[PDB]
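Visitor: Protein chains in written order, with the deposited numbering: chain A, 361 to 720; chain A', 2 to 720; chain A'', 2 to 720. A prime marks a further copy of an entry chain.
Following this message is one structure expressed as structure tokens.
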Ligand SMILES: [Mg+2]
Ligand SMILES: [Mg+2]
Ligand SMILES: [Mg+2]
Ligand SMILES: [Mg+2]
């Protein structure tokens, strides 16, 4: 439905060594204006989103050459650098206003339905005892102003992934990029842990390419899909490099996610296994009336002469009868919660499954 | 309820809250599908099939390598199917071949609860219970196996037994016969068992079930002090108040074996039944053998509910004594009080002393017969020692009655001393191996109770004694294990003989309160509780140790069944001192009673006895009939705490014994269980009022202690 | 050293670092005093005596109630002494009585190491070893029991065996016969056992020993995939590098039972020997039965030293093959490469391919005989299929030799298919019960190897095949478990027959390298290693699973004994992909070799094979003869890591396979073991130098991974 132009579109940002603070569109790189680009994307039937990182500045920027004192620093002391950048002092209204105005100019160029607001280093060189608190007041002030000015905007929070995955951010953003790790197997653990307090709907999760860019591990396209559906869903790869079979998987994945989107986002969530200890990462979502459930399973361990693994369900009505969709078999809730269902035997590593149940 | 689906060949057993399901497969094997929370589903979908290396296939499976009884879950697995796990049945046929490969023949569903030939068993009426009897057979072994399932819906109990018939012409031997098998295709479990020794029975051992077998049993001829014939298979993480757990309890007072095994495919098999050791039981053409019963139960909500299910089953469907529903006389027992050093006069003095304190009965323990002035003679010579008693037993009973007291007596009918008239007359009546000098234990031998002539002699002697006067109580003891076992039928037939004698005794004397005993709790089992409403729980009467023994005993057995007496200090078994009050609180978790000479006590301790008896009698119905809750684990916690709650949840008695003492004590809270959350309860002594929710979530703070091993009782009444 | 003190009647066995001591008590019972760290003391002071309820007394103890074989520690406890624990010996006498009550008769100390009739056993010379033979007897059972202790000082090994003689006139049956018993009067222990399944053998299970028994065994007719006949009793807290631990290893390829029990008095009894199931062994007047040997060992300094003691004992005192001290040809095996779909031409193509890579030998696996084009026919028909081979076996061998390659062949002599000429001629040669259709597994049956006529037929056929040319290697497989066991002597006599055939084969062909096999590691035991210097460790050739299988196998068995091959991916058993390099590193922890068609590989993978072979040959002596160290636990850790160290500690090869992968990886260090702390070591590839102390305390950081399941080898040389 949507393309998100991530980092690299502003200033002379052709790597991560310059340009934060210079939120002017790089029209050379974009081959024209941002307004024209948005229209070209709309003409393909697609919505548009964009990445920003308003709290930050690179020494190599016009903003820093003009206002080096706007960076958080201690007088006389050379500051810590992280990702070759510095924090802007968001405790200062003048600093925030400058950046807010620049971002407004960008967002006013066209219909931008989505913004990913990132933040890629920790605060250092803290110069006074009020700064940590007042900095965050400034962040929230900017965020409130942004959301008020653009009330139809979907704002995805981000901080090198889940570096500010907290309920404070969720007040403004209905989703937060859960992790820069898009390895499906690692994501089972990250998403498991995140679920102890935070709803599935809040977890940004995308199908990415393999070998995975963070781990080097290969996983099947199907397993990536099942794991990323425990969240926002979405893609973060160039589909032109995929096989026709994987392109068709994307078509079917989107249909599946859209079919179950309300159930995944609004349903009661249940962890069905502990991926730190168990043979599988398994979870499920159950409708409020307990008349529909989607069960997801990723296998984590493989040996020869495999034992039968059962997934035991939770949160169903014990006396109700449930139809499993693909197989057409019927089970009582009690059966499904006490004995569970046997998983089909695996033939490859890290295999995944989804089972849908409907109350009869 | 018991249902048969003929098309799927599925048998379903439903209790109020549980379902057990089995299936006859297309080859005729009786597979186990499910046991757990109540369900109307067909659970055959849980069965899976793969070609698993070295798990081989019945000939009848043809080319299907995915069908193996070394993998599939079974009701009654046997040696001779290709199954390599621990098995329930081994038959050695008339040609020497050890094989049994059992296929379905027929079934019947009947209202009511089956009975067992010559054995105790659960009983119920035709409305309360149903029975499923499944017949399987092996035509090559020429054996026919009748599996019996008893379903007691309200109690959430399923019983199992087995009858094995030789259908061939030559003799077979039964080499292993379990009563029950539970096969789990999945699950991580712990095994709870109850181990100990003489004078320290039924300690709880709970460990994870690792790959391999956890096993325990008895070949002592008795259920034993060392390992009780009981097991809980608890799902990992199960607590007193949550999680799945399964019990098996053997309704049997002889040898047994329990095996729990986690296999190559992460499956679990649990077996309970007869020991295969010293068990090679001959069965002639056309004859039937009966395996003693196992009581199974399941709880989805923790160990406390499982125990409560057993308590109710035992009180209302095992114990046949009228005293289950009657006040039981508070007794004083002469054993720790006097040992062998008493006369008739000192028994009457004990009666006088006890009468003045509100005690109801004196029990003349060991030392009254033959020339039994120590434990080195006279077992088998059950003639009253009138020299020692200063007259006849009839006269003694009358003298005790004249003090306002009932009379009880100790017997040990299964035993003989070399130094006895009986042994000088009949040395061959002792269990022994020809040509071999026998093991002695307590300087005595077992009588061969497999022999009618032996039993009849002793039964007649005991009848003469019991017919001398009004004896309201008998303590039947048994003070050593069986050795010199001379044949493969002896262990089983010995116990048939014990039960026959016990049945005859109880039938002849139906108003008798029979307390079972075996050096304390050496046969503390449901087999004995069929005849006796109480069993002497342990020879250890140390209050602190008793907290552990009574705790362990409560996992399967009701408080009402636990013989418990206030004894003297320093304790005769441990040398430890405890307060009189603490001894009283601990002994009230059972039968109550005394076993000391009250003449040696201070007036303050005599007054404590008066008040203790009033307290026990006030709470006797609550303690005996109420729902029992363990409130702490005395192996790990600061306190041993328990409580009993009325059926309507309108009354509760809470008991606490402190186990640990340090300076600057932290506040210890006792958290209650089993109350109505929204009800308001009045604590009697203090007059304070609390909601059930408060009492169960926060509990109550114990008063600070000022001495070691202090105890408390709190009574709560619903307003 | 072996010493007798006649006055105290104490026998002491000393190894270099351990002492084992026993005593004949005044009643004639052989008590166990001690096993542990070396001591010159008389350890009889550890024995204590109390009147323990229900622990009874030999008649000969008279009035002394404090003397009981239900409490005392014993060398060889038996059913019939009053002992109620698990026992080592049960004899059923000529009158049907199960009893053995063994008293000391005599002894002898001999230089050298006893041998066992028809069985493998540890061997050594008269300077390296001494033997103690103690004779006990029971005059009522009419049995005489000879306990054999073998002491190998330098190896810190004590072996045990037993010979049982019927001294009466009528037949007796041996119903249980363990080889070894260790009784501990005190100590808290864990039990380590090695469990699994086909294609996943010898997983480590370590659990505390709770009250009751932990037991495991095999009645499969084989030592088995499911439970290896090996146990470690580790004192609580023992690690790889510290603390007391005890091993028992059964030198036997048939049925067994292991029992570890923590008793009522907190004592521990450990037993290992024959299974009592399907074991009722007849012994005529004057005849002797031999129990297979157990190798015991003790380490005061952890599990790694214990394993090293076993490795050395097996390599130098069990394995008789010349290949223990020789280069072994690097082979390629046709099974995963081609299964049944090959011809003579495609075997020669495999030889050509393999020769160009530096492989030394081609092994023609299953599919060459009868009409064996699948696993549904032809076992028993050991005639070359010359149609399939496109000519004779002699011609094929020559064609392979012409490619510069040695030749090996697979056999499965113990087995028969219904679809065979042999079965059509001799259906009664299969193990079966008359009138009963037998279990089938892999659609085949066992031949009755207890019968000489059966063995001779098959032995003659195999000789014809092996005499066709220069065959340097035989893989002897065995692909199902025994069922339909028709008599109580069969399990034992079957295995005698296997060993007889194996001995005849090895004697006829003394230059043959015999690799044992049983669906992989289904008979991975020291009994087989007496004949074979290597055993196919598992049919699972997945490198990641192999890390666990090889880890578990190393607890008792040397690396040199572990058959291990580089196979294709996706792996045929798991479907998992691993790099060619990782497969190579993992398979070098064993025999090495290949089992794939190299024609399907990329040129880069072919060049890896060339370099792998050069690496393995460079390190072959170090891997096979060096001291082995487990450096991680693959069940719990981030890596599977191990190393081998030369005797002089001047050379080491370290191997690592990563098991877990996440983003932003932490630095993982591999800590080495078994080096000289003050020596300086050069790491070859990097050229960096480290002290042994540094390498053992800090270790070395692994290079960061860029792909999953990456592996490493590091070589260190002392400067
Ligand atoms: Mg038996
Ligand atoms: Mg047993
Ligand atoms: Mg036997
Ligand atoms: Mg056994």
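Here a beta-carbon is modelled for each residue, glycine too, at the ideal position from N, C-alpha and C.
Taking all protein chains shown into account, do 16 or more other C-beta atoms lie within 10 angstroms of the C-beta of residue 604/A, making it buried, or fewer, making it exposed?
Guide: So residue 604/A counts as exposed.
Visitor: Helix, strand or coil for residue 204/A' per DSSP?
Guide: The answer is strand: DSSP assigns residue 204/A' an E or B state.
Visitor: Identify the contact partners of residue 64/A' in chain A'', using a Cβ-Cβ distance below 9 Å as the criterion.
Guide: Within chain A'', the residues near residue 64/A' are 377, 441, 444.
Visitor: Who are the Cβ neighbours of residue 29/A' in its own chain at under 6 Å, not counting the five residues just before and after it?
Guide: Contacts found: 104, 105.
Visitor: For the segment 453-469 of chain A' against the segment 238-245 of chain A', do three or more pairs of beta-carbon atoms, one drawn from each stretch, fall closer than 8 Å, so that the two count as touching?
Guide: The segment 453-469 of chain A' vs the segment 238-245 of chain A': no contact.
Visitor: Tell me which residues of the segment 537-548 of chain A'' have at least one Cβ-Cβ distance to chain A shorter than 7 Å, keeping chain order.
Guide: Residues 541, 543, 546.
Visitor: Against chain A', which members of the segment 687-702 of chain A pass a CB distance test of less than 9 Å?
Guide: From the segment 687-702 of chain A, only 689, 690, 691, 692, 693, 694, 695, 696, 697, 698, 699, 700, 701, 702 have a Cβ closer than 9 Å to chain A'.
Visitor: For chain A'', is any of its Cβ atoms less than 8 Å away from the one on residue 664/A?
Guide: At least one chain A'' Cβ lies under 8 Å of residue 664/A.
Visitor: Kindly say whether residue 238/A', judged by its beta-carbon, lies nearer than 8 Å to any beta-carbon of chain A.
Guide: No, because no Cβ of chain A sits closer than 8 Å to the Cβ of residue 238/A'.
Visitor: According to a CB-to-CB cut-off of less than 9 Å, which residues of the segment 255-280 of chain A' neighbour chain A?
Guide: Going along the segment 255-280 of chain A' in chain order, one finds 265, 266, 267, 268 with a Cβ nearer than 9 Å to chain A.
Visitor: Note down the Cα distance separating residue 15/A' from residue 110/A', rounded to an integer number of angstroms.
Guide: Distance between the alpha carbons of residue 15/A' and residue 110/A' is about 13 Å.
Visitor: Among the residues of its own chain, which have a CB less than 7 Å from the CB of residue 40/A', if the five just before and after it don't count?
Guide: So the qualifying residues of the chain are 20.
Visitor: Take every Cβ of the segment 43-63 of chain A', pair it with every Cβ of the segment 131-150 of chain A', and state whether three or more of those distances are shorter than 8 Å.
Guide: Taking 8 Å as the limit for Cβ pairs, the verdict is that the segment 131-150 of chain A' does not touch the segment 43-63 of chain A'.
Visitor: How many Å lie between residue 232/A' and residue 250/A' at the Cα?
Guide: Near 7 Å, if we compare the C-alpha coordinates of residue 250/A' and residue 232/A'.
Visitor: Start and end of the beta strand (DSSP E) containing residue 365/A''?
Guide: It spans 362-365 - the beta strand (DSSP E) in which residue 365/A'' sits, taken as one unbroken run.
Visitor: Taking Cβ-Cβ distances shorter than 7 Å, what residues in chain A pair up with residue 565/A'?
Guide: Simply none; closest approach about 39 Å.
Visitor: Determine the chain A'' residues that contact residue 434/A' at a beta-carbon separation under 8 Å, and present them in chain order.
Guide: The contacting residues are 98, 100, 141.
Visitor: Thinking just about the alpha-carbon of each residue, which of 431/A', 256/A', 291/A', 570/A' is nearest to the one in residue 224/A'?
Guide: Here the closest residue by C-alpha is 256/A'.
Visitor: When you compare only the Cα positions, how much space is there between residue 607/A'' and residue 358/A''?
Guide: One C-alpha to the other measures close to 7 Å.
Visitor: The beta strand (DSSP E) with residue 610/A' in it runs from where to where?
Guide: No beta strand (DSSP E) contains residue 610/A', which is instead part of the alpha helix (DSSP H) from 604-626.
Visitor: State the DSSP-derived secondary structure class of residue 700/A'', mapped to helix, strand or coil.
Guide: Three-state result, residue 700/A'': coil.
Visitor: Are three or more beta carbon pairs between the segment 69-79 of chain A'' and the segment 31-51 of chain A'' nearer than 8 Å?
Guide: Touching, yes.
Visitor: Please classify residue 1/A' as buried or exposed, where buried requires at least 16 other C-beta atoms within 10 Å of its C-beta.
Guide: Outside the shown range of chain A' (2 to 720) lies residue 1/A', about which nothing can therefore be said.
Visitor: For a contact defined as C-beta to C-beta under 7 Å, what are the partners of residue 577/A' on chain A''?
Guide: Under the 7 Å cutoff, chain A'' gives no residues; its nearest Cβ is about 18 Å from residue 577/A'.
Visitor: What beta strand (DSSP E) runs, 3 residues minimum, are completely inside the segment 268-314 of chain A''?
Guide: Entirely contained in the segment 268-314 of chain A'', the beta strand (DSSP E) runs reaching 3 residues are, in chain order, 269-274, 282-284, 289-300.
Visitor: Which runs of the beta strand (DSSP E) fall wholly inside the segment 417-443 of chain A and span at least 3 residues, in chain order?
Guide: List check, beta strand (DSSP E) in window: nothing returned.
Visitor: State the Cα-Cα distance for the pair residue 481/A and residue 539/A'', rounded to the nearest angstrom.
Guide: Cα to Cα, the separation comes out at about 50 Å.
Visitor: Does residue 446/A'' pass the burial test, meaning 16 or more other C-beta atoms within 10 Å, or should it be called exposed?
Guide: Buried: at least 16 other Cβ atoms inside 10 Å.
Visitor: Can you name, in chain order, every residue of its own chain whose Cβ lies under 8 Å from the Cβ of residue 690/A', other than the five neighbours on each side?
Guide: Around residue 690/A': 681, 682, 683, 684, 720.
Visitor: Using a Cβ-Cβ cut-off of 8 Å, state whether residue 713/A counts as contacting chain A'.
Guide: By this cut-off, residue 713/A is not an interface position.
Visitor: Which residues of the segment 636-653 of chain A have a Cβ closer than 9 Å to any Cβ of chain A''? Give them in chain order.
Guide: Going along the segment 636-653 of chain A in chain order, one finds no residue with a Cβ nearer than 9 Å to chain A''.
Visitor: Among 417/A, 428/A, 455/A, whose alpha-carbon lies nearest the alpha-carbon of residue 443/A?
Guide: Of the listed residues, the one whose Cα sits closest to residue 443/A is 417/A.
Visitor: What are the start and end residues of each continuous alpha helix (DSSP H) run of 4 or more residues lying completely inside the segment 521-576 of chain A, in chain order?
Guide: Here the runs fully enclosed are 527-530, 544-554.
Visitor: Where DSSP assigns a beta bridge to residue 485/A', which residues make up the other side?
Guide: Looking at the DSSP assignment, residue 485/A' forms no beta bridge with any residue, so it has no partner.
Visitor: Of the residues 388/A, 520/A, 696/A, which one's Cα is nearest the Cα of residue 715/A?
Guide: Nearest option by C-alpha distance: 696/A.
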